[PDB]
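The chain that follows stands alone, in the form deposited without its partner chain, written as structure tokens.
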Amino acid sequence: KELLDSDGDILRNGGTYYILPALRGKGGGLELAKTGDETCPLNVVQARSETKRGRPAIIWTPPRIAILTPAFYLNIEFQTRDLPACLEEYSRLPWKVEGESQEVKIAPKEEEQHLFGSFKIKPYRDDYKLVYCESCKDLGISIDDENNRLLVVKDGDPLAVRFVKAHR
């Protein structure tokens, strides 16, 4: 039980991966979406189409070690290629759970001293789940009024995922 990407390679500290659903039929990989009223796509969501792999995420922990295990506290951030205009000015797109709403959002304006990695990746059935440590709670999907598949803290109904190397 190492954390493995879909090829069977151990997840690398600082490696870049698509986060894809382990199960079929409910949507595709994780990406960004504009939700509610915001003019900028700040919510982490699951793509509605099964065909979409979404946006690669860089996953890393401050310890300067080569690989990741379920014991490490992770920063997760979206890779920044091909961004909409309102995000182009940022070089980093860190995931951060919004207290009260429990939505996973990116926080590109937050100052670095206020950003830390609170996620873990855990084995889940035959693949993986993401958890957020506030003890740890599963990340899952909550559907909003416009049918966006929001990634949110949802203890006990995790989104099953696997990690695919993002080549480029």
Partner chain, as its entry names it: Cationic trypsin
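Positions refer to the first chain, counted from 1.
Trainee: None, 1 to 3, 4 to 9, or 10 or more: how many residues of the deposited sequence lack coordinates between residue 134 and residue 135?
Mentor: Some 4 to 9 residues are missing between them.
Trainee: Out of 10 to 18 and 150 to 158, which stretch has the higher average CA B-factor listed in the record?
Mentor: The entry gives the higher C-alpha B-factor average to 150 to 158.
Trainee: Higher average CA B factor in the deposited record is what I'm after, so tell me if that's 66 to 74 or 104 to 112.
Mentor: According to the PDB entry, the answer is 104 to 112.
Trainee: Between 54, 117, 36, 140, which one tops the list for C-alpha B-factor in the PDB entry?
Mentor: Highest C-alpha B-factor among the listed residues goes to 36.
Trainee: Split the chain's modelled residues into thirds by Cα B-factor; is residue 32 in the lowest, middle or highest one?
Mentor: Residue 32: CA B-factor falls in the middle third of its chain.
Not pictured, yet referred to below: the form solved in complex with its partner chain.
Trainee: Counting non-hydrogen atoms within 4.5 angstroms of its partner chain in the deposited complex, say which of 104, 131, 58, 47 makes the cut.
Mentor: Exactly one residue meets the criterion: 58.
Trainee: To test your reading of this chain, name the stretch in 47 to 55, 111 to 119, 138 to 146, 24 to 32 whose heavy atoms come within 4.5 Å of its partner chain in the deposited complex.
Mentor: After filtering at 4.5 Å, what remains is 111 to 119.
Trainee: Does the 4.5 Å heavy atom contact test between residue 125 and its partner chain in the deposited complex come out positive?
Mentor: Because no heavy atom of residue 125 falls inside 4.5 Å of its partner chain in the deposited complex, the answer is no.
Trainee: Is there a heavy atom of residue 36 no more than 4.5 Å from a heavy atom of its partner chain in the deposited complex?
Mentor: Taking the distances in the deposited complex, the answer for residue 36 is no, it never comes within 4.5 Å of its partner chain.
Trainee: Evaluate residue 158 for contact with its partner chain in the deposited complex, applying a 4.5 angstroms cut-off between non-hydrogen atoms, and reply yes or no.
Mentor: Outside the cut-off, so no.
Trainee: With the cut-off set at 4.5 Å between non-hydrogen atoms, does residue 70 touch its partner chain in the deposited complex?
Mentor: It does not: once its partner chain is placed as it appears in the deposited complex, residue 70 has no heavy atom within 4.5 Å of it.
Trainee: Select from 53 to 84 the residues with a non-hydrogen atom within 4.5 Å of its partner chain in the deposited complex and write them out in sequence order.
Mentor: Contacts from 53 to 84: 58, 60, 62, 63, 64, 65, 66, 67, 72.
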